[PDB]
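In: the sequence isn't on hand, but the structure is:
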Ligand SMILES: Cc1cc(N2CCOCC2)cc2[nH]c(-c3c(NC[C@@H](O)c4cccc(Cl)c4)cc[nH]c3=O)nc12
């Protein structure tokens, strides 16, 4: 059941990275580059950064013991965005749209 669950998780990650969702997913493809984005305090506020490329690296590396560990990293990526940004920020709206996809797919895991 454990490897079966992670294969389903790997499929969620594929979907989140697919062109269908790119209009809102793209800000989450890569780690936040605080210098390049001029968010120079980002790592003072966000102590555990996360992004979809890091989830992929960890999934490929078999670092997730279960689907719950996968889900916690994905929710950490959304919560970092809700924590750092003002609630009316463009990127918060994009995070919510992507989280709507994640939560639905994750809940439908057989
Ligand atoms: C530009 C900018 C300004 C500020 N200010 C903080 C102080 O309060 C006023 C606002 C916070 C930001 N947070 C992020 C951010 C990301 N950005 C990608 C960027 O390519 C991007 C992509 C889509 C829309 C936008 Cl608007 C920017 C990606 C993931 N998580 C993030 O949190 N960008 C911010």
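Out: Nice, thanks for sending it over. Residues are numbered from 1 along each chain as shown.
In: residues contacting residue 75?
Out: Residue 75 makes contacts with residue 99, as judged by C-beta atoms under 8 Å, 6 or more residues apart in numbering. No exception for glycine: its C-beta is placed from N, CA and C like everyone else's.
In: how much space is there between it and the ligand?
Out: To the ligand, residue 75 is 14 Å away according to C-beta to the nearest ligand atom, to the nearest Å.
In: just residue 10 next, same as before
Out: Using C-beta to the nearest ligand atom, one gets 23 Å for the distance from residue 10 to the ligand.
In: that residue: what's its closest spatial neighbour, skipping adjacent residues?
Out: Residue nearest to residue 10 in three dimensions, not counting chain neighbours: residue 59, with 5.8 Å by C-beta to C-beta, 6 or more residues apart in numbering.
In: look up the closest residue to the most centrally placed residue in the chain, ignoring the ones flanking it.
Out: Among the residues of the chain, residue 74 comes closest to the average C-alpha position under C-alpha atoms, centre = their mean, at 3.8 Å. Once flanking residues are discounted, residue 74 sits nearest to residue 102: 5.6 Å by C-beta to C-beta, 6+ apart.
In: so the one you found is in which element?
Out: Remark: residue 102 resides in helix 90-107, with elements defined by DSSP states H and E.
In: is that helix positioned near the ligand?
Out: Yes - looking at helix 90-107 against the ligand by C-beta under 6 Å from any ligand atom, the contacts come from 90-91.
In: that concludes my questions; thank you for your assistance.
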